[PDB]
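A.B. asks: Data file data_18.cif (mmCIF, N, CA and C atoms) is appended below.
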data_structure
loop_
_atom_site.label_atom_id
_atom_site.label_comp_id
_atom_site.auth_asym_id
_atom_site.auth_seq_id
_atom_site.Cartn_x
_atom_site.Cartn_y
_atom_site.Cartn_z
N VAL J 1226 104.06 120.98 177.82
CA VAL J 1226 102.73 120.89 178.41
C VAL J 1226 102.06 119.65 177.84
N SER J 1227 101.68 118.72 178.71
CA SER J 1227 101.09 117.43 178.33
C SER J 1227 102.10 116.76 177.41
N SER J 1228 101.71 116.32 176.20
CA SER J 1228 102.61 115.67 175.26
C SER J 1228 103.07 116.61 174.15
N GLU J 1229 103.02 117.92 174.38
CA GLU J 1229 103.37 118.92 173.37
C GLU J 1229 104.37 119.90 173.95
N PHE J 1230 105.30 120.35 173.11
CA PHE J 1230 106.34 121.29 173.49
C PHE J 1230 105.96 122.69 173.03
N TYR J 1231 105.96 123.63 173.97
CA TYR J 1231 105.48 124.99 173.73
C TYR J 1231 106.60 126.00 173.96
N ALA J 1232 106.37 127.21 173.43
CA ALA J 1232 107.28 128.33 173.59
C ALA J 1232 106.47 129.59 173.88
N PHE J 1233 107.17 130.62 174.34
CA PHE J 1233 106.56 131.90 174.66
C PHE J 1233 107.50 133.01 174.21
N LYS J 1234 107.03 133.85 173.29
CA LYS J 1234 107.82 134.97 172.80
C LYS J 1234 106.89 136.11 172.41
N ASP J 1235 107.32 137.34 172.71
CA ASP J 1235 106.62 138.56 172.33
C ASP J 1235 105.20 138.62 172.91
N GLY J 1236 104.97 137.96 174.04
CA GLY J 1236 103.68 138.01 174.69
C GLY J 1236 102.67 137.00 174.20
N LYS J 1237 103.08 136.02 173.40
CA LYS J 1237 102.18 135.02 172.85
C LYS J 1237 102.82 133.64 172.99
N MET J 1238 101.97 132.62 173.03
CA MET J 1238 102.40 131.23 173.16
C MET J 1238 102.41 130.59 171.78
N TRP J 1239 103.57 130.06 171.38
CA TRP J 1239 103.77 129.44 170.08
C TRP J 1239 103.95 127.94 170.28
N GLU J 1240 103.01 127.15 169.76
CA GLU J 1240 103.19 125.71 169.73
C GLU J 1240 104.23 125.35 168.67
N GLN J 1241 105.24 124.58 169.05
CA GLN J 1241 106.32 124.24 168.15
C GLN J 1241 106.04 122.91 167.46
N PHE J 1242 106.69 122.71 166.32
CA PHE J 1242 106.62 121.45 165.57
C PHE J 1242 105.19 121.13 165.16
N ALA J 1243 104.42 122.18 164.83
CA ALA J 1243 103.04 122.02 164.38
C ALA J 1243 102.69 122.83 163.15
N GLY J 1244 103.42 123.90 162.84
CA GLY J 1244 103.15 124.73 161.68
C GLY J 1244 103.89 124.26 160.45
N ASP J 1245 104.14 125.21 159.54
CA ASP J 1245 104.86 124.92 158.31
C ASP J 1245 106.36 125.07 158.53
N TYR J 1246 107.14 124.35 157.73
CA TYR J 1246 108.57 124.24 157.97
C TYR J 1246 109.27 125.58 157.78
N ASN J 1247 110.30 125.80 158.60
CA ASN J 1247 111.22 126.93 158.51
C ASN J 1247 110.58 128.27 158.87
N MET J 1248 109.37 128.26 159.43
CA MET J 1248 108.68 129.48 159.85
C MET J 1248 108.70 129.54 161.38
N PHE J 1249 109.53 130.42 161.93
CA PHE J 1249 109.69 130.58 163.37
C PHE J 1249 109.05 131.90 163.78
N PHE J 1250 107.98 131.81 164.58
CA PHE J 1250 107.29 132.99 165.11
C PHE J 1250 106.78 133.88 163.98
N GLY J 1251 106.35 133.26 162.88
CA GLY J 1251 105.83 133.98 161.74
C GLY J 1251 106.88 134.49 160.77
N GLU J 1252 108.17 134.35 161.09
CA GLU J 1252 109.26 134.80 160.25
C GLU J 1252 109.99 133.60 159.66
N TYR J 1253 110.41 133.73 158.40
CA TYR J 1253 111.16 132.69 157.73
C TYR J 1253 112.64 132.84 158.08
N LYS J 1254 113.22 131.77 158.65
CA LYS J 1254 114.65 131.70 158.90
C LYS J 1254 115.27 130.62 158.02
N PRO J 1255 116.48 130.83 157.50
CA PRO J 1255 117.08 129.82 156.62
C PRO J 1255 117.66 128.66 157.41
N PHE J 1256 118.01 127.61 156.68
CA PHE J 1256 118.77 126.49 157.23
C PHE J 1256 120.00 126.26 156.36
N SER J 1257 121.08 125.81 157.00
CA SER J 1257 122.34 125.62 156.31
C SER J 1257 123.12 124.51 156.99
N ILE J 1258 124.10 123.98 156.27
CA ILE J 1258 124.98 122.94 156.79
C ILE J 1258 126.38 123.13 156.23
N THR J 1259 127.35 123.30 157.11
CA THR J 1259 128.75 123.47 156.74
C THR J 1259 129.52 122.22 157.17
N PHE J 1260 130.34 121.69 156.27
CA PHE J 1260 131.14 120.51 156.56
C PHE J 1260 132.48 120.63 155.84
N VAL J 1261 133.56 120.45 156.60
CA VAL J 1261 134.90 120.56 156.03
C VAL J 1261 135.14 119.41 155.06
N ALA J 1262 135.80 119.72 153.95
CA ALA J 1262 136.17 118.74 152.93
C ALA J 1262 137.69 118.60 152.95
N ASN J 1263 138.19 117.68 153.78
CA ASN J 1263 139.62 117.44 153.95
C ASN J 1263 139.89 115.94 153.82
N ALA J 1264 140.08 115.50 152.58
CA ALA J 1264 140.50 114.14 152.27
C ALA J 1264 141.84 114.21 151.55
N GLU J 1265 142.80 113.39 151.99
CA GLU J 1265 144.17 113.48 151.52
C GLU J 1265 144.68 114.92 151.68
N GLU J 1266 144.58 115.42 152.92
CA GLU J 1266 144.93 116.81 153.18
C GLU J 1266 146.40 117.16 152.90
N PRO J 1267 147.38 116.25 152.94
CA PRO J 1267 148.73 116.67 152.50
C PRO J 1267 148.80 117.07 151.04
N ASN J 1268 147.86 116.62 150.21
CA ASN J 1268 147.87 116.92 148.79
C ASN J 1268 147.00 118.13 148.49
N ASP J 1269 147.41 118.90 147.48
CA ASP J 1269 146.67 120.08 147.04
C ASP J 1269 145.61 119.64 146.03
N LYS J 1270 144.35 119.89 146.36
CA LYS J 1270 143.22 119.43 145.57
C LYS J 1270 142.50 120.60 144.91
N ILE J 1271 141.91 120.34 143.75
CA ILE J 1271 140.97 121.25 143.10
C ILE J 1271 139.58 120.65 143.27
N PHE J 1272 138.72 121.36 143.99
CA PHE J 1272 137.36 120.89 144.24
C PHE J 1272 136.52 121.18 143.00
N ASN J 1273 136.03 120.12 142.35
CA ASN J 1273 135.43 120.21 141.03
C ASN J 1273 133.91 120.11 141.05
N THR J 1274 133.34 119.24 141.88
CA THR J 1274 131.90 119.02 141.88
C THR J 1274 131.44 118.64 143.28
N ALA F 2 137.13 113.64 136.75
CA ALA F 2 138.39 114.06 137.41
C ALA F 2 139.12 112.83 137.97
N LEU F 3 139.81 112.96 139.10
CA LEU F 3 140.68 111.91 139.63
C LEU F 3 140.11 111.18 140.83
N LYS F 4 139.55 111.89 141.81
CA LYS F 4 139.21 111.30 143.10
C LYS F 4 137.89 111.88 143.61
N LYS F 5 137.34 111.20 144.61
CA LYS F 5 136.07 111.58 145.23
C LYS F 5 136.17 111.39 146.74
N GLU F 6 135.24 112.01 147.46
CA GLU F 6 135.15 111.83 148.91
C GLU F 6 133.69 111.95 149.33
N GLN F 7 133.14 110.86 149.86
CA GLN F 7 131.80 110.89 150.44
C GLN F 7 131.84 111.48 151.84
N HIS F 8 130.81 112.25 152.18
CA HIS F 8 130.67 112.88 153.49
C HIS F 8 129.33 112.50 154.08
N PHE F 9 129.35 112.04 155.33
CA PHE F 9 128.16 111.70 156.09
C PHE F 9 127.94 112.71 157.20
N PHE F 10 126.70 112.79 157.66
CA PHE F 10 126.28 113.77 158.66
C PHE F 10 125.71 113.01 159.85
N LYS F 11 126.54 112.84 160.88
CA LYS F 11 126.16 112.15 162.11
C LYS F 11 125.88 113.12 163.25
N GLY F 12 126.15 114.40 163.06
CA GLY F 12 125.96 115.40 164.09
C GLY F 12 126.55 116.72 163.66
N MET F 13 127.09 117.47 164.62
CA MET F 13 127.89 118.65 164.32
C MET F 13 129.03 118.72 165.31
N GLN F 14 130.22 119.04 164.82
CA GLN F 14 131.41 119.12 165.64
C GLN F 14 132.12 120.44 165.37
N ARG F 15 132.79 120.94 166.41
CA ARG F 15 133.54 122.18 166.32
C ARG F 15 134.80 122.01 167.16
N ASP F 16 135.56 123.09 167.30
CA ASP F 16 136.75 123.15 168.14
C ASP F 16 137.91 122.33 167.60
N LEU F 17 137.75 121.69 166.44
CA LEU F 17 138.77 120.83 165.85
C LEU F 17 139.37 121.51 164.63
N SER F 18 140.64 121.20 164.36
CA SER F 18 141.35 121.83 163.26
C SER F 18 140.73 121.42 161.93
N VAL F 19 140.73 122.35 160.98
CA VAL F 19 140.23 122.06 159.64
C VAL F 19 141.06 120.95 159.01
N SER F 20 142.36 120.93 159.28
CA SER F 20 143.24 119.90 158.74
C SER F 20 142.92 118.52 159.28
N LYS F 21 142.24 118.43 160.43
CA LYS F 21 141.97 117.16 161.09
C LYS F 21 140.49 116.98 161.41
N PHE F 22 139.61 117.72 160.73
CA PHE F 22 138.18 117.48 160.85
C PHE F 22 137.84 116.10 160.29
N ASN F 23 136.66 115.59 160.67
CA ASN F 23 136.23 114.25 160.29
C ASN F 23 135.03 114.32 159.35
N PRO F 24 135.00 113.52 158.27
CA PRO F 24 133.90 113.67 157.30
C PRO F 24 132.52 113.35 157.85
N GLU F 25 132.41 112.56 158.92
CA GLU F 25 131.10 112.16 159.42
C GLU F 25 130.41 113.26 160.22
N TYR F 26 131.08 114.37 160.50
CA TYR F 26 130.53 115.47 161.28
C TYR F 26 130.45 116.72 160.42
N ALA F 27 129.55 117.62 160.82
CA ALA F 27 129.40 118.93 160.19
C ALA F 27 130.05 120.00 161.06
N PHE F 28 130.65 120.99 160.41
CA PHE F 28 131.34 122.05 161.15
C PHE F 28 130.37 123.09 161.70
N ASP F 29 129.24 123.30 161.03
CA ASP F 29 128.25 124.27 161.48
C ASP F 29 126.95 123.98 160.75
N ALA F 30 125.83 124.19 161.44
CA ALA F 30 124.53 123.92 160.84
C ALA F 30 123.47 124.74 161.55
N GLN F 31 122.57 125.33 160.77
CA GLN F 31 121.47 126.13 161.28
C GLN F 31 120.15 125.46 160.92
N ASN F 32 119.30 125.26 161.92
CA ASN F 32 117.93 124.77 161.74
C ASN F 32 117.90 123.48 160.92
N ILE F 33 118.57 122.45 161.44
CA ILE F 33 118.54 121.11 160.87
C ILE F 33 118.30 120.10 161.98
N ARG F 34 117.80 118.93 161.59
CA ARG F 34 117.55 117.84 162.52
C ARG F 34 118.06 116.55 161.90
N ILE F 35 118.94 115.85 162.62
CA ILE F 35 119.54 114.62 162.15
C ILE F 35 118.84 113.40 162.77
N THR F 36 117.70 113.61 163.42
CA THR F 36 116.93 112.56 164.06
C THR F 36 115.58 112.42 163.38
N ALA F 37 115.03 111.21 163.41
CA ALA F 37 113.77 110.90 162.73
C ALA F 37 112.61 111.48 163.54
N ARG F 38 112.13 112.65 163.12
CA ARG F 38 110.99 113.31 163.74
C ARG F 38 109.96 113.63 162.67
N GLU F 39 108.74 113.12 162.85
CA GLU F 39 107.61 113.24 161.93
C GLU F 39 107.77 112.41 160.66
N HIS F 40 108.95 111.82 160.46
CA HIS F 40 109.24 110.94 159.34
C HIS F 40 110.43 110.07 159.76
N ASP F 41 110.84 109.18 158.87
CA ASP F 41 111.97 108.28 159.15
C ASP F 41 113.29 108.90 158.71
N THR F 42 113.53 110.15 159.10
CA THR F 42 114.74 110.88 158.74
C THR F 42 115.78 110.83 159.86
N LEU F 43 116.21 109.63 160.25
CA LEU F 43 117.30 109.46 161.21
C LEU F 43 118.61 109.34 160.44
N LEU F 44 119.63 110.06 160.92
CA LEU F 44 120.96 110.16 160.31
C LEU F 44 120.93 110.88 158.96
N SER F 45 119.79 111.46 158.57
CA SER F 45 119.66 112.22 157.34
C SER F 45 119.25 113.64 157.68
N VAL F 46 119.99 114.61 157.15
CA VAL F 46 119.71 116.01 157.45
C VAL F 46 118.33 116.37 156.92
N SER F 47 117.57 117.09 157.74
CA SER F 47 116.20 117.46 157.39
C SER F 47 115.90 118.82 157.99
N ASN F 48 114.84 119.45 157.47
CA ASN F 48 114.46 120.78 157.92
C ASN F 48 113.91 120.73 159.34
N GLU F 49 113.88 121.90 159.97
CA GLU F 49 113.32 122.07 161.30
C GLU F 49 111.92 122.66 161.14
N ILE P 1128 100.94 98.44 180.03
CA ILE P 1128 101.92 97.76 180.87
C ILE P 1128 101.72 96.26 180.73
N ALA P 1129 102.80 95.54 180.44
CA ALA P 1129 102.78 94.09 180.31
C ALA P 1129 103.92 93.52 181.14
N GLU P 1130 103.60 92.63 182.07
CA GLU P 1130 104.59 91.99 182.92
C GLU P 1130 105.14 90.75 182.22
N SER P 1131 106.45 90.56 182.34
CA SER P 1131 107.12 89.45 181.67
C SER P 1131 108.35 89.08 182.48
N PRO P 1132 108.98 87.93 182.19
CA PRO P 1132 110.24 87.60 182.87
C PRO P 1132 111.33 88.63 182.66
N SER P 1133 111.34 89.31 181.52
CA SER P 1133 112.42 90.23 181.18
C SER P 1133 112.26 91.60 181.80
N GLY P 1134 111.04 92.05 182.04
CA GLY P 1134 110.83 93.38 182.60
C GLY P 1134 109.40 93.84 182.39
N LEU P 1135 109.24 95.16 182.38
CA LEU P 1135 107.93 95.81 182.28
C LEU P 1135 107.92 96.68 181.02
N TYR P 1136 107.22 96.22 179.99
CA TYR P 1136 107.04 97.00 178.76
C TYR P 1136 105.90 97.98 178.96
N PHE P 1137 106.22 99.28 178.96
CA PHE P 1137 105.21 100.33 179.04
C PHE P 1137 105.52 101.39 177.99
N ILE P 1138 104.47 102.09 177.57
CA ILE P 1138 104.55 103.10 176.52
C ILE P 1138 104.24 104.44 177.16
N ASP P 1139 105.23 105.33 177.19
CA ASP P 1139 105.07 106.67 177.72
C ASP P 1139 104.72 107.63 176.58
N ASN P 1140 103.51 108.20 176.64
CA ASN P 1140 103.09 109.12 175.59
C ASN P 1140 103.83 110.45 175.68
N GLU P 1141 104.16 110.90 176.89
CA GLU P 1141 104.83 112.19 177.06
C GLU P 1141 106.19 112.20 176.37
N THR P 1142 106.97 111.14 176.56
CA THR P 1142 108.31 111.05 175.98
C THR P 1142 108.33 110.41 174.60
N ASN P 1143 107.20 109.88 174.13
CA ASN P 1143 107.10 109.29 172.79
C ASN P 1143 108.10 108.14 172.62
N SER P 1144 108.00 107.14 173.51
CA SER P 1144 108.91 106.01 173.48
C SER P 1144 108.19 104.77 174.01
N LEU P 1145 108.82 103.62 173.80
CA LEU P 1145 108.33 102.33 174.28
C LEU P 1145 109.43 101.74 175.16
N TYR P 1146 109.29 101.91 176.47
CA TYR P 1146 110.34 101.59 177.42
C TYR P 1146 110.26 100.13 177.87
N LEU P 1147 111.34 99.68 178.50
CA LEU P 1147 111.40 98.38 179.16
C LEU P 1147 112.23 98.54 180.43
N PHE P 1148 111.62 98.26 181.58
CA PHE P 1148 112.30 98.34 182.86
C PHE P 1148 112.73 96.95 183.29
N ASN P 1149 114.04 96.76 183.43
CA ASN P 1149 114.62 95.51 183.91
C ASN P 1149 115.72 95.82 184.92
N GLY P 1150 115.43 96.75 185.83
CA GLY P 1150 116.43 97.30 186.73
C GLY P 1150 116.94 98.62 186.21
N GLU P 1151 117.10 98.72 184.89
CA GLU P 1151 117.47 99.95 184.21
C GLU P 1151 116.50 100.18 183.06
N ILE P 1152 116.05 101.43 182.91
CA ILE P 1152 115.09 101.75 181.87
C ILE P 1152 115.78 101.73 180.51
N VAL P 1153 115.15 101.06 179.55
CA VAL P 1153 115.67 100.93 178.19
C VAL P 1153 114.56 101.32 177.22
N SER P 1154 114.84 102.28 176.35
CA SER P 1154 113.87 102.74 175.35
C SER P 1154 113.97 101.83 174.14
N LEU P 1155 113.07 100.85 174.05
CA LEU P 1155 113.10 99.91 172.94
C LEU P 1155 112.78 100.60 171.62
N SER P 1156 111.91 101.62 171.64
CA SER P 1156 111.56 102.31 170.40
C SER P 1156 112.79 102.97 169.77
N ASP P 1157 113.62 103.62 170.59
CA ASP P 1157 114.83 104.25 170.06
C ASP P 1157 115.85 103.20 169.63
N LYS P 1158 116.02 102.15 170.43
CA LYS P 1158 117.02 101.13 170.12
C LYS P 1158 116.69 100.42 168.81
N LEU P 1159 115.43 100.06 168.62
CA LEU P 1159 114.99 99.32 167.44
C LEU P 1159 114.32 100.21 166.39
N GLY P 1160 114.36 101.53 166.57
CA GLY P 1160 113.86 102.43 165.55
C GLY P 1160 112.35 102.42 165.39
N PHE P 1161 111.64 102.94 166.39
CA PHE P 1161 110.18 103.07 166.32
C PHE P 1161 109.72 104.40 166.91
N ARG P 1162 110.59 105.42 166.89
CA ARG P 1162 110.24 106.70 167.49
C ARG P 1162 109.12 107.39 166.72
N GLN P 1163 109.21 107.41 165.39
CA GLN P 1163 108.21 108.10 164.58
C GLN P 1163 106.85 107.43 164.69
N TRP P 1164 106.82 106.09 164.63
CA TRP P 1164 105.56 105.37 164.68
C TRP P 1164 104.80 105.67 165.96
N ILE P 1165 105.51 105.83 167.07
CA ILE P 1165 104.86 106.11 168.35
C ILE P 1165 104.54 107.59 168.48
N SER P 1166 105.42 108.46 167.96
CA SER P 1166 105.17 109.89 168.04
C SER P 1166 103.99 110.32 167.18
N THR P 1167 103.62 109.53 166.17
CA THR P 1167 102.48 109.85 165.33
C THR P 1167 101.18 109.19 165.79
N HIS P 1168 101.25 108.20 166.68
CA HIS P 1168 100.08 107.44 167.11
C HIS P 1168 99.71 107.70 168.57
N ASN P 1169 100.23 108.78 169.17
CA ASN P 1169 99.97 109.08 170.57
C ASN P 1169 98.79 110.04 170.72
N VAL P 1170 98.02 109.86 171.79
CA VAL P 1170 96.90 110.73 172.14
C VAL P 1170 96.82 110.82 173.66
N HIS P 1171 96.05 111.81 174.13
CA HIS P 1171 95.93 112.05 175.56
C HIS P 1171 94.84 111.20 176.20
N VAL P 1172 93.80 110.85 175.44
CA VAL P 1172 92.69 110.10 176.01
C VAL P 1172 93.15 108.72 176.44
N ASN P 1173 92.72 108.30 177.63
CA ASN P 1173 93.11 107.01 178.17
C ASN P 1173 92.44 105.88 177.39
N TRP P 1174 92.95 104.67 177.59
CA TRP P 1174 92.42 103.49 176.91
C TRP P 1174 91.06 103.12 177.48
N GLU P 1175 90.17 102.64 176.61
CA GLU P 1175 88.88 102.13 177.03
C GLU P 1175 88.35 101.20 175.94
N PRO P 1176 87.61 100.14 176.31
CA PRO P 1176 87.38 99.05 175.34
C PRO P 1176 86.53 99.44 174.14
#
Could you render the structure from this file as structure tokens?
C.D. replies:
Amino acid sequence: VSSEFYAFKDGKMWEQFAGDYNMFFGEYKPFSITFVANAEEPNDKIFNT
Amino acid sequence: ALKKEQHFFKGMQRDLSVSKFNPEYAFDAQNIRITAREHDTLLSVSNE
Amino acid sequence: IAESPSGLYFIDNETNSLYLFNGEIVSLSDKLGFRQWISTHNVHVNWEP
């Protein structure tokens, strides 16, 4: 709507990208990032740090 | 120790074998943004 | 909007970009890295002296 992106859930309109971080619809949801660590994959590695 | 490996985050990729995944991609990510929004956080993982 | 030999430089507030039309639309803000500067300086009120 205009220059702002809006949402609608549970009977209410939620303006996005305007509140505090990681709070979706009043509830805290986590964030995570998974990335494979495969360098020199023919060799058996011990992941140390 | 003996060796190191740097990993960059250019997006997220799936459907590829773990043995042949690429370090510049992430296998899975929840509530992250790799684009500069509200700050100069382009190509850098940031909160949503 | 500024007319030039190369095209038409216009700033779209809705999309938060600085475009250039030369037959094909090109987002100069994204190409040269100015998305945040424009996304933080946009408003709905039209220009007036």
A.B. asks: So the first atom is CA of residue 1164 in chain P and the second is CA of residue 1228 in chain J; what is the distance between them in Å, to one decimal place?
C.D. replies: 15.1 Å
A.B. asks: What are the residues of chain F lining chain J at 7 Å or less? Count all atoms listed in the file, and put the answer as a list in words.
C.D. replies: residues 6, 19, 20, 22, 23, 24, 26, 27, 28, 29, 30, 31, 32, 33, 48 and 49 of chain F
A.B. asks: Could you list the residues chosen by the PyMOL selection byres ((chain P) within 8 of (chain F)) in this structure as a list in words?
C.D. replies: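 Answer for the PyMOL selection byres ((chain P) within 8 of (chain F)): residues 1162, 1163, 1164, 1166 and 1167 of chain P.
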A.B. asks: One decimal, in Å: what's the spacing between atom C of residue 11 in chain F and CA of residue 25 in chain F?
C.D. replies: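 Taking atom C of residue 11 in chain F as the start and CA of residue 25 in chain F as the end point, the length is 6.5 Å.
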A.B. asks: Just asking: which residues within chain J are strand (DSSP E or B) according to DSSP, as number ranges by chain?
C.D. replies: J: 1231-1234, 1237-1240, 1248-1249, 1252-1253, 1257-1259
A.B. asks: Work out how far apart CA of residue 1251 in chain J and CA of residue 1239 in chain J are and give it in Å to one decimal.
C.D. replies: 9.7 Å
A.B. asks: Calculated over only N, CA and C atoms, which of the candidates P:1131, P:1156, P:1175, P:1170 has the smallest distance to chain J?
C.D. replies: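 With only N, CA and C atoms as the atom set, the closest residue is P:1170.
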A.B. asks: Output as a PyMOL selection string the set of chain P residues within 10 Å of chain J, with distances taken over only C-alpha atoms.
C.D. replies: chain P and resi 1139-1143+1166+1169-1171
A.B. asks: Got a sec to resolve the PyMOL selection byres ((chain P and resi 1146) around 8) on this structure and send the residues as a list in words?
C.D. replies: residues 1134, 1135, 1136, 1137, 1138, 1139, 1143, 1144, 1145, 1147, 1148, 1149, 1152, 1153, 1154, 1155, 1156 and 1157 of chain P
A.B. asks: Where atoms are missing, can you supply N, CA, C and O atoms for range 1233-1251 of chain J and output the lot as a CSV table (one decimal), in the frame of the given file?
C.D. replies:
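File rebuild26.csv, as written:
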chain,number,residue,atom,x,y,z
J,1233,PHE,N,107.2,130.6,174.3
J,1233,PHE,CA,106.6,131.9,174.7
J,1233,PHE,C,107.5,133.0,174.2
J,1233,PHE,O,108.6,133.1,174.7
J,1234,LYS,N,107.0,133.8,173.3
J,1234,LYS,CA,107.8,135.0,172.8
J,1234,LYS,C,106.9,136.1,172.4
J,1234,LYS,O,105.8,135.9,171.9
J,1235,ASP,N,107.3,137.3,172.7
J,1235,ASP,CA,106.6,138.6,172.3
J,1235,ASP,C,105.2,138.6,172.9
J,1235,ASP,O,104.3,139.3,172.3
J,1236,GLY,N,105.0,138.0,174.0
J,1236,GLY,CA,103.7,138.0,174.7
J,1236,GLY,C,102.7,137.0,174.2
J,1236,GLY,O,101.5,137.1,174.6
J,1237,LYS,N,103.1,136.0,173.4
J,1237,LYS,CA,102.2,135.0,172.8
J,1237,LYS,C,102.8,133.6,173.0
J,1237,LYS,O,104.0,133.5,173.1
J,1238,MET,N,102.0,132.6,173.0
J,1238,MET,CA,102.4,131.2,173.2
J,1238,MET,C,102.4,130.6,171.8
J,1238,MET,O,101.4,130.6,171.1
J,1239,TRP,N,103.6,130.1,171.4
J,1239,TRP,CA,103.8,129.4,170.1
J,1239,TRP,C,104.0,127.9,170.3
J,1239,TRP,O,104.9,127.5,170.9
J,1240,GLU,N,103.0,127.2,169.8
J,1240,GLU,CA,103.2,125.7,169.7
J,1240,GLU,C,104.2,125.4,168.7
J,1240,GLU,O,104.1,125.8,167.5
J,1241,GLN,N,105.2,124.6,169.0
J,1241,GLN,CA,106.3,124.2,168.2
J,1241,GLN,C,106.0,122.9,167.5
J,1241,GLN,O,105.3,122.1,168.0
J,1242,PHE,N,106.7,122.7,166.3
J,1242,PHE,CA,106.6,121.4,165.6
J,1242,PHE,C,105.2,121.1,165.2
J,1242,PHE,O,104.8,120.0,165.2
J,1243,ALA,N,104.4,122.2,164.8
J,1243,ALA,CA,103.0,122.0,164.4
J,1243,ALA,C,102.7,122.8,163.2
J,1243,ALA,O,101.7,122.5,162.5
J,1244,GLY,N,103.4,123.9,162.8
J,1244,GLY,CA,103.2,124.7,161.7
J,1244,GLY,C,103.9,124.3,160.4
J,1244,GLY,O,104.2,123.1,160.3
J,1245,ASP,N,104.1,125.2,159.5
J,1245,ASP,CA,104.9,124.9,158.3
J,1245,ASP,C,106.4,125.1,158.5
J,1245,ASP,O,106.8,125.8,159.4
J,1246,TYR,N,107.1,124.4,157.7
J,1246,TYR,CA,108.6,124.2,158.0
J,1246,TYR,C,109.3,125.6,157.8
J,1246,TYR,O,108.9,126.4,156.9
J,1247,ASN,N,110.3,125.8,158.6
J,1247,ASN,CA,111.2,126.9,158.5
J,1247,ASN,C,110.6,128.3,158.9
J,1247,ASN,O,111.2,129.3,158.6
J,1248,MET,N,109.4,128.3,159.4
J,1248,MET,CA,108.7,129.5,159.8
J,1248,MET,C,108.7,129.5,161.4
J,1248,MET,O,108.0,128.8,162.0
J,1249,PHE,N,109.5,130.4,161.9
J,1249,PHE,CA,109.7,130.6,163.4
J,1249,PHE,C,109.0,131.9,163.8
J,1249,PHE,O,109.5,133.0,163.4
J,1250,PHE,N,108.0,131.8,164.6
J,1250,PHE,CA,107.3,133.0,165.1
J,1250,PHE,C,106.8,133.9,164.0
J,1250,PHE,O,106.8,135.1,164.1
J,1251,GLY,N,106.4,133.3,162.9
J,1251,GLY,CA,105.8,134.0,161.7
J,1251,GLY,C,106.9,134.5,160.8
J,1251,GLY,O,106.5,135.0,159.7
